[PDB]
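A, B, C, D and E are the chain letters, set down in written order, and residue numbers restart from 1 in every chain.
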Amino acid sequence: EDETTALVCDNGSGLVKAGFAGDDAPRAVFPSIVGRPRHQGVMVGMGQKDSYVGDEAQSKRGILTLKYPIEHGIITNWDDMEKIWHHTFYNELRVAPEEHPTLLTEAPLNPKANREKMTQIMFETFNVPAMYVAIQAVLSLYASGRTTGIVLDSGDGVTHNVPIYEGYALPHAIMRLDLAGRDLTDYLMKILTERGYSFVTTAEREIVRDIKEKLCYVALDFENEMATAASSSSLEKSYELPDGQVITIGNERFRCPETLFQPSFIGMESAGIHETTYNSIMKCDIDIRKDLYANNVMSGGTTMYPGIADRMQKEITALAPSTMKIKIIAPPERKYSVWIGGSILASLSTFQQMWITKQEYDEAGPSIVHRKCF
Amino acid sequence: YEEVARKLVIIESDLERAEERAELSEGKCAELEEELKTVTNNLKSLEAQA
Amino acid sequence: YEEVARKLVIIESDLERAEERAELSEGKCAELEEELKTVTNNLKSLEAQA
Amino acid sequence: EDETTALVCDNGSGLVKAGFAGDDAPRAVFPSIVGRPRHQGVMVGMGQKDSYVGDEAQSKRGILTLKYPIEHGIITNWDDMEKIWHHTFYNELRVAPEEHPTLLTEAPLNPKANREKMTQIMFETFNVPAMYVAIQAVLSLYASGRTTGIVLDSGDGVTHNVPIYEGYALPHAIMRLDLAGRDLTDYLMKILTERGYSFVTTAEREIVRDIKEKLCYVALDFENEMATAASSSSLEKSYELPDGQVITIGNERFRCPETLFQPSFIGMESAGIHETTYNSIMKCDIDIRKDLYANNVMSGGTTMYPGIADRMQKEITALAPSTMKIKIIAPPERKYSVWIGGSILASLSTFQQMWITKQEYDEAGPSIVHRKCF
Amino acid sequence: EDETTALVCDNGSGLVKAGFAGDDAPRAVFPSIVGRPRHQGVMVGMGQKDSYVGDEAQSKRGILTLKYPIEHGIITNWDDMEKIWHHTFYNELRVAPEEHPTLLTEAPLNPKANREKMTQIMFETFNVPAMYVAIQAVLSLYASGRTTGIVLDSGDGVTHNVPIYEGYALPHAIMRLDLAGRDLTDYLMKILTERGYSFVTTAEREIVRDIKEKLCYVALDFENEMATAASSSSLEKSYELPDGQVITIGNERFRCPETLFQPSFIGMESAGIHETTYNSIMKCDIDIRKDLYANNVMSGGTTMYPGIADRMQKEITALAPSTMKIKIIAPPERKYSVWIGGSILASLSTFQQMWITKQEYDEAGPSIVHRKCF
């Protein structure tokens, strides 16, 4: 065949998004979890199966202890990551990686060891002709079809911010902020406890993740919505657990995403996500700032909450000069924007010479990641 | 334990000072090496000049 | 006592090494003072010659 | 009189500890149990007495079904709690609550409804000039006379962990772990059954509570003590039941408190108490951790077992940097540390303005608990 | 008493250096930080103390958010500066400012508002008979005992460069370069992240400041030292955190001060510190340049790194005519050179008539700073 296709995988924490390069959507999207039978089984003709990977672990949740292998964009456990990639290629996509070049995404300001060990596994585990590791935020920018913007990337791993102008990139102005979907989940199960609902274990920690994926929203003013929580009517929502227990969540619902704009609630000094965007834009040159204000791109899974775009717009407009208009461009489909940006990149004809070849790795070693790529 | 651990602390305090002397003397060794190279580079520039 | 007695030997050996490094870095700094005075005197000879 | 004295009550589950503020020890300590005549009585000139409260229920145990009204720091049944407080004030202390301000203790991360309903009862059941609800762990810290520490609070209700630095407090670093004295009792009566002793009812459930209050101890290494259980000599102890039956308990004795350090035995994923302390200390700022490692305070009734302090010291020292020395300060008298901390607090002159007044409640309602106090 | 003594304070950013004029060293040197309790405290009989100032804030770091009140030689917050000076006079020196004339240092090319507001506070906050505001670089030149030189002043605030010849001064040839100790700290915590160590908050931002104050050094050739970072031996150093965590820093160590000579690493176009010195010397008259090349004086806290003097010598000698010899005079004690220059100035008998009097301010207002003094 011509061009050989190519393979693209996004592994921020929480979800593997994977598929062929040259398509508009990934074939396989599943949770990045390795769930191990904690309870010793007593039957004959079970499994045994040392561990379960992917949405198999979601189905068989109650037995398992679940371990996310990626925390804060950092792989904690390498064998668990290899198992997840083994699951992507053989269980879903049914590809031999020898037949495809593979793009990986990776997060900004990330330890060198993750990029270098990630390449070491791609060559010396799944034999592969070529690969690339690319920055998450630039891929979302490509997916949005814009040449310029400040990309606010927040996954389940960590939050990142990369300003770009006309292509280029500003290394000093790149900001990484330790907040995530996962930290909002840990805050959320903590704020359910005051209501009497106690979720203590990894299995129902993913149940509050599912709650937060739909019920939670961001206030267009926090204090105003917290004041109208005195007359509870629309702010309460009934939620059904898989147990058949019913949960009723009021003001507790919208103050969980409020943590992004008030990290004093989590107990971290690190500024809210709108001030981090100001911190990135202020580090940029005076000239370009006009379009960075007007071309803010949201990406990732934890920018999905209803009303985030409006809240960021009101806060950035309030802080900034009202001399210029602050447009925020946050697409629906923004969850998959990194994977789509990886699809478009590996489909680019020129990019087919910028691959890290297997040959170039075999001569010059794993350290060449940083030398060739950003 | 205190007699031996206190010897460990005394020997370690002498060690920290001997190591500090190694660092101060290595400081001087590096300074003198930098001066040696500056003067030797000047010597070579001055051999070429002479 | 055995942890601090074997580490006392490690710390005595590291004192002997810290002191050896004091002596080695001092000895080498002093060798460099001689090398430096030699290249400084050769530089002064070449500079005086130049 | 000057200052009016004040009243202090600790109600974690299991025991009411109550007395005057301004004294070193509580006057009244008794089990928090409401025991009801399950068997219909046939005589004339009995009682009748609908239910028995306190150590009266301990004396007349066999007739009664006993109900703990507090489970996991949560009051299950409010009338039963009111009856227990009615018993404290009138049966033991012989006070009119109208003549005294009353301090209540309460557990961290606890439902709002317990604090708000607890205040509602204190004002609208026992008419009282003023009250306060306070966190259990901070009171034990005051009792220990230290300004800084990480307080490991474990009662019969639930286990809690509050790091404190120079006063202050860290809300994100507060941890609550669902283990208790009561869960160790339920584990213990389960591990007696393999020996043939079967305790099936509430009355002898308090007999295994009494066994565990003296016979049980914590291993300085679990596997080593379980290995030396092959040659049974000192590890067996004869215990006398009130029936006159004799119980002989070997390795079963020390593996009951081992559950605190291995909740895989109870079947919960939730980490052992030493890893929960690491989880709290890791959530704290880098700077303060040095003294939190060296100023761990144990409090509550289920830190009374012999050898807990040594086991926690060995495990926390093994996990932590050995760069710094891990002192654990676990006083004898640690059982009553919360009540003593409440005695000292209500004796403080400045604290006499921070009371929730009856007047302030009558104007602003029961919801003001969270607004004024932590 | 005769002469009344006098008081001298250096406030570049980062450190107050203060003491009596007429002494060789300042009595009090402490960090210019106002640290506020961010976490609400829950005890009784704490503080309260709205904020902590000086090395008190260094001791109690983890609770506090720390705010430097001076950025880039500019006071951001005036009340915070007044609090710092209140701390110098009453907490350390124990002086009534009414009894002493006070010298302040201040940075070149600095906003008029800082000098004029600084005088306004000195007269109308701490009542004082007289004061002076003086340029930082000239004071270091006095301290070095030389009449001529080009003073490279770099504090934690900003970098400045003032050529002087036989006294005099050249206003057009004065250069100010926005680099500092603080910008090297922000670069440094950014370059630690690639190694996996993530320092996200103000408290451990001062921990990387302490690292950089000893571990960091300047390469006598950057590329040569970066090449020998392949065989890591002496370039790695173990560092102990106050947490008890160990940090191991290799090539990352010496490329942090390299930013002074390569501001392309920070992302600023503004030339390296050796080209800024050339830019200042080139703006000077042809005749004097011979001694300015041979009488370069380094001052301030961020000229303390080992090997800066040698690197500046090699680069300035490489760029300049080798027709003349480029001596750099960088004393040890160069950190305190501005304060010593202020000590010598206020001890000068003639200088005792050039003070801005309180009377002259009361008649002619705060604007007279620029009219009388440079």
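Note that a residue touches a chain if its C-beta (ideal position, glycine included) is under 8 Å from a C-beta of that chain, and two chains touch if they have at least 3 such contacts.
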| task | Average the C-alpha coordinates of each chain, average all protein C-alpha coordinates together, and give the chain whose average is closest to the overall one. | result | A
| query | Where in D-E or A-D does the A-E interface recur, with over half of the contact pairs identical by residue number? | reply | A-D
| note | Averaging C-alpha coordinates per chain, one finds the centres of chain B and chain D separated by a number of Å equal to 60
| said: Based only on mean CA positions, could you tell me how far chain D sits from chain E in angstrom? | reply: 55
| said: Between chain B and chain E, what distance separates the C-alpha centroids? Give it in angstrom. | reply: 30
| Computed distance of Cα centres, chain C from chain B, in Å | 5
| query | Residues of chain D that touch two or more other chains: which are they? | reply | 170-171
| message | Which residues of chain D touch chain E once you look at their complex with the stated criterion? | response | 135, 138, 142, 147, 164-171, 284-290, 293, 320-321, 323-324, 345, 348, 350-351, 354, 374
| query | Which of the residues in chain A come into contact with chain D in the complex? | reply | 38-39, 65, 190, 193-196, 198, 200-202, 266-268
| task | Would you pull the chain D residues touching chain A in the complex into a rising list? | result | 72, 74, 109-113, 170-173, 176, 178, 264, 267-270, 283
| task | Provide the residue numbers of chain B that touch chain C in the complex, in ascending order. | result | 1, 4-5, 7-8, 11-12, 14-16, 18-19, 21-23, 25-26, 28-29, 32-33, 35-36, 39-40, 42-43, 46-47, 49-50
| said: Which residues of chain E touch chain D once you look at their complex with the stated criterion? | reply: 37, 39-47, 60-63, 199, 201, 203-204, 207, 240-246
